[PDB]
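Only one chain is shown below, in structure tokens, and it's the form deposited in one PDB entry.
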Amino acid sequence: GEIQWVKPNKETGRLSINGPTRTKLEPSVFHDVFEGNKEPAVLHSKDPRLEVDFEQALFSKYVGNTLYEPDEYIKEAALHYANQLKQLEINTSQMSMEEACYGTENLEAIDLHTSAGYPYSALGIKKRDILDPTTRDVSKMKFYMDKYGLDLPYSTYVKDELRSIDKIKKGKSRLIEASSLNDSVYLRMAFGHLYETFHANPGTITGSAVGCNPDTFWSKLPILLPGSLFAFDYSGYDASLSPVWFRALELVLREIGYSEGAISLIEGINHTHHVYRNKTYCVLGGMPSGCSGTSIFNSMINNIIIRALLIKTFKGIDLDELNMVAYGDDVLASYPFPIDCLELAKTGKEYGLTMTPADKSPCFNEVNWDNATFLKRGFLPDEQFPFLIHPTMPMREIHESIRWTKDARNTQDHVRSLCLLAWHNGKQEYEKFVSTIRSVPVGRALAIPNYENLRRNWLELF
């Protein structure tokens, strides 16, 4: 990804958002009860805690594009993953508007709680004005789609979220880059069935863990990834993807039987316009970050990357014996024998992708289930039933999260949510958590769920 040009809104004629540049995250009742050092992210250019220029720090994620066109390694990788998909028999025919907007059993309805994007968010029009789940009416959508058309700019804004104190100083906030409701609807009409099958089939056929339920899916992973595991963290994955990866995704999409009309929508993702407050700019390469109607494609592209890195680093490596799942940038993969992570990372460097192995370290050793991280979570076999695997969210993260709130009226719900995460760390850990909560009068007034009861309901999921 790389910005091509920037122009002021006055020049382009694009509507300005505002924004309401103030954090909604306030310290919660447990702020000083628990330990942590994460504050709300930097929202405006004038933030007192800034070390650098904010606006230019924001866009330093676009490291540039190295390759524009698939070489022989990328094509072979795209074909293998394409071939592997075929067994899923993905329905390539356009999904109706009604289903794309209001949901099926394997595809969730468009979230009515997010902004509708350009120009709706700028015009005060929100999704509730257009969509109604009770009526399931699409005529008002077709109307607004008629009015504004497709290929609209992505309304871009800073994500109001907790960040490390280092990222606040260095000004590395994260952007929500939201597509226009119009393009969401159209994209989901073209690829809605693909999303459906993917959602319904987390695992090694799809190569995806998108929409999985870590509570149950965790136990399936050791079986789905036998032999020697490998994994790593990407640095700025989304913005580091060059147009080559979108080209390779087009190849994959064509090979599984998509029309050219549907396939031409991928260029609208590769080459994007954005509006950030009162300046508009053009991005070539790079996956738009904000929304989730982009998660599946990221996971697919990652399935291409991993394959393309393997066959380029190791002559005559066997792609039929690779197993992987990806949720965006996050990848868990395995192979019959171990793989040099530092050699992959240098092959990835050729394609403009920053990779550092998930450890210290500076590499794998060899990274198996004990230290294995996926979707932040670790993997812990159940004490009594070792074949059942707990997803372990690190207490470190849970502590950071409890110390802040966006709405003070939501302390009960927010805590329960964290408890549903916490207990997987074990009975000893959970007691220590709940007692620190009950270390304060407000905590003792709360309905904190019982350990063995939580375990009970978990067992009943198997």
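Take the two forms, superpose them, and find the largest set of C-alpha atoms that agree within 1.5 Å; that set is the rigid core. Residue numbers run from 1 along the displayed sequence.
One more form of this protein should be noted, the form deposited in another entry, which is absent from this view; the next part is about it.
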property	result
Mobile residue between this form and the one not shown, C-alpha criterion 2 Å or more, rigid core, from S292, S96, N91, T216	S292
Rigid-core frame, C-alpha of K360, shift of 2 angstroms or more between this form and the one not shown	yes
Change in CA distance between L418 and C291 in the other entry, which is 3 Å or more, as closer or farther	farther
Relative Cα spacing, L187 and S292, in the other entry - shift of 3 Å or more	closer
